[PDB]
């Protein structure tokens, strides 16, 4: 009913480890993800011993805990399965090419301790390999500066999981068709008729708006300006410039200046591919 | 089991403070936001002392409370972590440029007290800086006139958080492309052919409706008339006026009055940019 | 632990009142709204006296109750805060111009009573003025005929809140742009070219379908035929009639009958504004 | 604390009845509907007698029960209000014209009984008339063959509610505008110009896709092939055939065969109304 | 209160079986499905005997359990109804033609056992036949290598349900109309006019984007590249190639090279049907 009294040091290094079991959800819009796994505590029946009530910080509602096995040994092991939605922000600074770092902050209440880690206990389960994500590093750090509101010194032993998106699907499902729509838009330049070029640019503008609807159905729409948030803006800019160019060409052609009209057509034709590649490169450099 | 009896004054100024931890959600459509933070009470084990059961007013369902640390001293500190969705209305009177003030009304039940504040305890955590929002002021006021239904005098010590939106993304993701669509619409004026101008205005009207779909996916659609709710209406007005102008121009051109047709084209061309800027300025002045 | 025995009359008129605090939600699609307020009971510590367990009828799940103040006096007052989603149907017979009446049916279990009201206790809080709605009347009625399944005579003392929508936003955000789309559609009549009139009517039909998408994002889509459900149908009817008229005009023009073609154009031009106004008036009279 | 021992027959015919109060929701997409009503048990204070714990089969999560009145008589009545989402599948074999039968399977645990019904107790409340639905029959059947996993003989006394949709709104809000779009599509036939007929058919194909979006916002999208799932397919078929017909007509007209072109136009004009009516009749006969 | 002590073997083969009752939901987007059925345990009143607390692994939140019948015999049967959302991933590698295998991992806590199966007890209920799915096999395997974090040897006796989609609706509701849109797109080739072919290809590109919206409303959008994720990409590729082909044809026709223009038209006309069939066959072979 009480922690083991006799020790010269006030804190006890109870080995705390976590091993993933199944990431039930990764809610981008809710900005949190639901994790369902079990944690192991080594402290050296539900009330067989004094269980250090190690709590969590980044938690929506009190973790759905369930003791699995509390083994004793001439120390004690304690593995408990739990499900909890962790309120870890993830910055969609680069949505199709991300390096999001999921955090779990574990803090232990103190009476009459200090959290620790176990190298063997921790580790993502190979059979629990995540769907659509890749794991780069899975470490733990004892940083006591995480919280400063409480006067008493407390150290939060957080777990960091660096995760990068599998991006071999987004290139052929989101980014590339926008380029195809833009390419159809440019193909208006080689044509001549106003009555055809106008529809071939504005109908494809309809196409781009609808396609942005299609992507938005999946995107989380962070308040930042995403890398997607810039390529979309660049495409709107280029559609506006293309409509301006075709209108100028027709204005010259009706005002009997065909030479400058042809010059503008040639310049735009050899420019927009080049200037768009340059602009995309500039945005990539800014979002490297 | 009882509050400390001997004091000449019926109320005790138990220091009540709150420090944010993680704003789990800001649900515009639900008109509430979910806050997960811990509150500290200074009153001068779960049942170690008499905990003043300070309750909240703006709460959906009873706050998910969890005691963190109840320290005693030769007064007593009591820090408790809690998660609660606060039912604080926020007026989207100016959606892209807002100054919304989140409220939390704390009231203490009285038997045989008066809420107070602690300057040091309160304060937004720097590491808990919100995503997509900026904090202007974080104050507390003891206003007993908040509720008048109960005859007994009670004072609600509310916390006010003034928050303004980071608007460097909405200008390049919502407002500006609508202007680009409208600009493409105007570019029909310099043209001449009816069979081209008609499609160049109505196809871009399709574009504007679809783009309003794209924004609506994000907007909360308050029953007010938002600043967005006016610019959208103004754009529909200008598309209707543009279609009227082009139809009149063609009606004159087929009725053999080319001079007035050219006059109308020139007037509209030099007018709609100017009149639209004037109208947007007028709406801005009305929504300053 | 027992109700006060000695009284010649079996029921006791415990004064029951409710004062709104914050209408947390008004879910049109769910057909229920979530109310968070406190109720006061005057019956002449949680177990200080015998609390008449007055229950509710229109409740999704058992009300989230919380006692606030149970005061005693040489009678007893009992104010309790609660949150509950009330399953009160609201008929969207006229969506932009509604008079929906929210109901709350309170019934008291009887052993060894009769519900009552307090004029002073009841009343909407001025600071709790609802967002996007207006209150016309807030009354209470003791109608024992509400339920007849139980043989024992019981009276349900329901509270009625008559609420009408603020409609100064829907006219400039929903109804009017549909009229603008229809007006653009009509503007095809003054034109002559088939290749232009066809696109100017069917592209704007695209516009109307997309705009109905935009409204549907907000509408609840009741199984009735709403007033919106009729104006939409009327607009589809008028687009079909307009396409029929333009096709007939072109069929006559290619069949070398220009006189009747011009006659039909003039008739339709002077008719559709008039006949549409008449039809909208007829629908308004039917939905007065 | 125990059932009444002395009776020669092991089961007791405790009269079980249900009367609806408010169908809180009918979730098509979730394939379940939430019912909030009270059930009455006649068995011949919460622990006043032995309450036969009659449970339900088609239940998502344990029914939210609440005892209302347990009356005793020199038998005993027991009316309890409850809210529960019942997992009753409903087959959208004919979405606009359905005859869906909602089921509620009640089974009584046996120790040391047999469920029964009461004609007077059961019955839909007239004031609880459902919104957008009509009730055809409300019966109860004791069919012990419902479940066979348990060796011990048990009879499930299910309640059946036959409900048919009010279809006076779907004809003027879903089915008819699709016909109007198709009619606009056909009106291309009487025209002659390719540059006009092509847009008048494919723009209206855009219209049909968008309108299917509008309906899909409401439909549940069952994995069957609905009657809607066939009319939609038929409309796509007819748009494809119409585009084929107009392309063939233009191919003949440019290949200098105007006679066969006119013949094809006349044949299609007099055919597609007739063949579409025949095809819709065939689908109706298949889905009678 | 304790397991039956005297047995030479530490584990007891308590027969564990599950029989489905109603699959309440199959949430593709949530990647989990909600099952509501009852499980039977044969171990050789709630506390009549020692119930082996067999827990589950793939569970969102602790299973909503409810004991149904705990029968004793001179062994003991124990049937308990439960509802639980199982976190079983399903790979949408082939969305319209899938072979998804739902898993349920059952593990028994050990003190002072080994899970087993019963051939008769297990089995899908015929009256509980799933809606929109077909069952191929329903087996159980004792594989102790499922989890390796715990040092103590434990065997998880998982149940596997192989389920394949009824695909007689997706072919006539999703795949085929995309082919119809593409066919309308190709029908532009036989035509000649640029002003007509351009609209007949880009308007139908609008159609394809909107139709992808319609399908996306139903699809779960897995991060893989689905078979749908390839046919969609192929259709965008073919629209881009078709626009390129028509623009090249018009560029040649205005540059006075009609012979090569006609040659390109004929080649594309006889190619795109053939090359598209070949490409779809190649994708099918890759996704066999």
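List of remarks:
Order of writing sets the chain letters: A, B, C, D and E. Residues in each chain are counted from 1.
Assume a contact is a pair of C-beta atoms (placed from the backbone, for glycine too) under 8 Å apart; a residue touches a chain by one contact, two chains touch by 3 or more.
Which protein is which chain? UniProt says A, B, C, D, E = Proton-gated ion channel.
Touch-path distance (fewest steps) from subunit B (Proton-gated ion channel) to subunit E (Proton-gated ion channel) is 2. Here the spacing of subunit A (Proton-gated ion channel) and subunit E (Proton-gated ion channel), counted between their Cα centres, is 25 Å.
Each chain gets a centre from the mean of its Cα atoms; for subunit A (Proton-gated ion channel) and subunit C (Proton-gated ion channel), those two points are 40 Å apart.
Annotation for subunit B (Proton-gated ion channel): residues touching 2 or more other chains are 195, 199, 203, 206, 210, 213.
Chain order round the ring, anchored at subunit A (Proton-gated ion channel) and oriented towards subunit B (Proton-gated ion channel), is A, B, C, D, E.
Of all the residues in subunit C (Proton-gated ion channel), the ones that touch subunit D (Proton-gated ion channel) in their complex are 30-32, 55, 57-62, 87, 89, 91, 109-110, 146-147, 149-152, 194-195, 198-199, 202-203, 205-206, 209-210, 212-213, 216, 221-225, 229, 232-233, 236-237, 239-240, 243-244, 247, 250-251, 254. Those residues of subunit C (Proton-gated ion channel) whose C-beta lies close enough to touch subunit B (Proton-gated ion channel) in the complex are 19, 21-22, 24-25, 34, 36, 38, 40, 64, 66, 68-69, 71, 77, 79, 81, 83, 121, 125, 127, 131-133, 165-166, 168-169, 172-173, 176-177, 180-181, 183-184, 187, 190-193, 195-196, 199-200, 203-204, 206-207, 210-211, 213-214, 217-218.
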